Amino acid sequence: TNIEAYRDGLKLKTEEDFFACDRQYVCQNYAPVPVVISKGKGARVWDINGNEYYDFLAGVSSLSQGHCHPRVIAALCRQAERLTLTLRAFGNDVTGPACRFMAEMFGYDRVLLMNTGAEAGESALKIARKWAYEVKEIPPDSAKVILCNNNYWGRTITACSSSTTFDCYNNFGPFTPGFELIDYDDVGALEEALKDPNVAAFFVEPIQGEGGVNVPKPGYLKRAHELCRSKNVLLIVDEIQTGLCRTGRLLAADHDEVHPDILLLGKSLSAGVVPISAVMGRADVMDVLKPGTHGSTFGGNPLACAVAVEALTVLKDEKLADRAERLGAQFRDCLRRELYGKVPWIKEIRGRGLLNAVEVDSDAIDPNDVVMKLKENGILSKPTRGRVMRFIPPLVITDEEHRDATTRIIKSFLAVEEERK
């Protein structure tokens, strides 16, 4: 194909040839791990030299079904030969059914399909504001949305305006007003913020992903929802990274028996094949988006809908939530037993399901040394906040692969501690 023919013509043999190409032509907004991946299958990837690795990032939980899941790729191909895009300006024979499928799977009246996670977040903020002005009847332009320090939901200007991460907002203002930032995992702070009747919504992650896999105290989300409901404030739960079986339940909110007023999904919703995200909620909230008040060229395109239905079905068929629960408990147990005490620079081992992290002390060790040693041992991952090592493999990882990977991971921390001496 054209990409293959063009690449051949470039005579890119070595990993360095590729690194140089990326440095010259690609916007330099990433500091990638130095590997050149050419193929993915399941929990494994291979570089251009045939070296194999376990992918322990999985698209930050976009690849829960593994790389190139056969069923998802067959669903993609089948629909792609037929029809890929109509616009929501015209009806089609896939969008409605796919929305019904999601509505029933998650228990919501209405499904808004967008492309990216950031778009789902923006759309939920628009819904929450418009609902607050039209249904709660709060004063024009006074709507407030409460979010948490260290939250991450995207890179639009409005997301930058609601971030507390320096690099995410610095020099990108002026900023969108209307946000109240409170500490994460702090019910007392939320209770206080909720005293303001201009609050439209509280927007939160069940586990802060980019913030460093921050697992809140028992009852947090349950308590939060009761406080919000008490004040007629919408609970917007972002499950883009925590949802779809990654934490051992269909939704991470299920850990607290919470049904979000507005749910956000994305990432694994497409098994990492094409960008698709969703915003779901009750009729009286979602219906505020009247014709012409919101839209998207590719949102709900038939190709993405066909992929999403397949991707969601794979989660249920392969019992990936039970897999994540079982393997994750094992991973944490092994790491805590074999690394705590032996490795003094490990601050904490935490997570739920297969959303796990190892926070290291960056004053006691170079975290990049851990990253490189892991790769040397066949494990590929990328930390968040420099010091929080992340272990987010595809959920389809086999028992043997997971055992092999756990062993490699443990060996890597140990080799960095021995090298410290």
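A residue's number is simply how far along the shown sequence it sits, counting from 1.
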| message | Tell me which stretch has the larger mean Cα B-factor in this entry, 102-110 or 338-346. | response | 338-346
| query | Should the higher mean CA B-factor in the entry be assigned to 89-97 or to 298-306? | reply | 89-97
| message | Take the CA temperature factors straight from the PDB entry and tell me which of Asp185, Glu325, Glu122, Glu205 peaks. | response | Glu325
| query | Per the PDB entry, which option out of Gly353, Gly378, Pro394, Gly40 has the greatest Cα B factor? | reply | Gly378
| note | Tertile call for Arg332 (CA temperature factor, within chain, third-based) is the highest
| message | Is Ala357 in the lowest, middle or highest third of its chain when residues are ranked by C-alpha B-factor? | response | middle
| message | Split into thirds by Cα B-factor across the chain's modelled residues, where does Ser270 land: lowest, middle or highest? | response | lowest
| By the record's CA B-factor, is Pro70 among the lowest, middle or highest third of residues in the chain? | middle
| request: Taking the values exactly as deposited, rank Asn51 by C-alpha B-factor within its chain and report the matching third: lowest, middle or highest. | output: highest
